[PDB]
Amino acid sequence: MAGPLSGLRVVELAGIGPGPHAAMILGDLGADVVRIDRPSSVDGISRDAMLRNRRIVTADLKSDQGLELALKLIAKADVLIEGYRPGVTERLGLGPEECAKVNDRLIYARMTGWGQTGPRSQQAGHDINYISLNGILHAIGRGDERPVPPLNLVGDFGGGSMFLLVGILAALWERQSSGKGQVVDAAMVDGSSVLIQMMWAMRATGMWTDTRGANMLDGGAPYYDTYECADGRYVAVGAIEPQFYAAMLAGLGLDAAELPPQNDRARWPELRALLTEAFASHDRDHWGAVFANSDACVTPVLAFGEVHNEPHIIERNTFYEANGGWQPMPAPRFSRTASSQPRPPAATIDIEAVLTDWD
């Protein structure tokens, strides 16, 4: 199995969102990932590409046999991932304490939104809920409108699965000294807060307000935002540094002497009006050509369906094809132990067959 996590053994208690995304990435990087789903799901080969790089098995964990097979896998494995509410694994007899008895090397990885304790710890929720409580959601969107969710990118993945991965891998490093596993408690409300640590830093030194749409990086700055072009398509401008901004202005045909200063916030209305009219005078692909190879920090805003035609995407093999859709190749990349293309979702396997293969 290709990639730097070759050798690593993972048991995933089938959940939704962050838990499977984390499991995917471990699989992506060479880990041997075994997913235990309930039989009343298992029903043909999955069409969910998030379930690549996996062996799937069936098992009623509420039964005594189910529980005991599960515990035979966990015994032989390096990592467990579960993303159920707190208390669920306990009551199945797969809690940390029960796992610690069959395998004290286990990294016991717990993926929740709210955490293991506290008033909200039993509330159902999704990404939008977890980022609503910690100030994030309120900061996303235009100022004249209600906040808009940044898909489920910030809570589920960036502040969720990815923190679970760091915890798992950090715990694996620790286990090199101590010879012992441990419990990783990854809550989306916490991960996503560390994810936005920059804003908390800026807020403390007066460089970020709580007003939505009035900061440097939320769309309030005329030089960090999207613009509509003549064809109704969009470009992105990210020209923070004065030298990049100057390069953008020159490409736009605007003399700096006619414009307000870049960071005179009081004249941002005028500046935005000027930039808006300039970008609106030609189509997206015009701007993309004008500014290619430039430090102007102007790029075309591509739709998913166009991404496969962008030279830089094609050339670095950011995507691969699988079953009527492109999918992202593993990230990040490794010089010596490269990851390989992901294996598609496979038909189910017997849990005994797995135990055999794992000795």
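The first residue of the sequence shown is number 1, and the count goes up from there.
- In at least a third of the other compared PDB entries of this protein that cover both flanking sides, residue 42 is left without coordinates.
- Stretch comparison (76-84 versus 188-196) by mean CA B-factor in the PDB entry places 76-84 on top.
- In this entry, 89-97 has the higher mean Cα B-factor, the comparison being between 89-97 and 209-217.
- Among 324, 330, 300, 305, the highest C-alpha B-factor in the deposited entry belongs to 324.
- Residue set 313, 51, 26, 296: peak C-alpha B-factor at 51 (per PDB entry).
- Residue 244 sits in the lowest third of its chain by CA B factor, as recorded in the PDB entry.
- In this PDB entry, residue 173 carries a Cα temperature factor that places it within the highest third of its chain's modelled residues.
- The deposited CA B-factor of residue 156 belongs to the lowest third of values across its chain.
- Split the chain's modelled residues into thirds by C-alpha temperature factor. Residue 284 is in the middle one.
- In the deposited entry, the Cα temperature factor of residue 277 places it in the lowest third of its chain's modelled residues.
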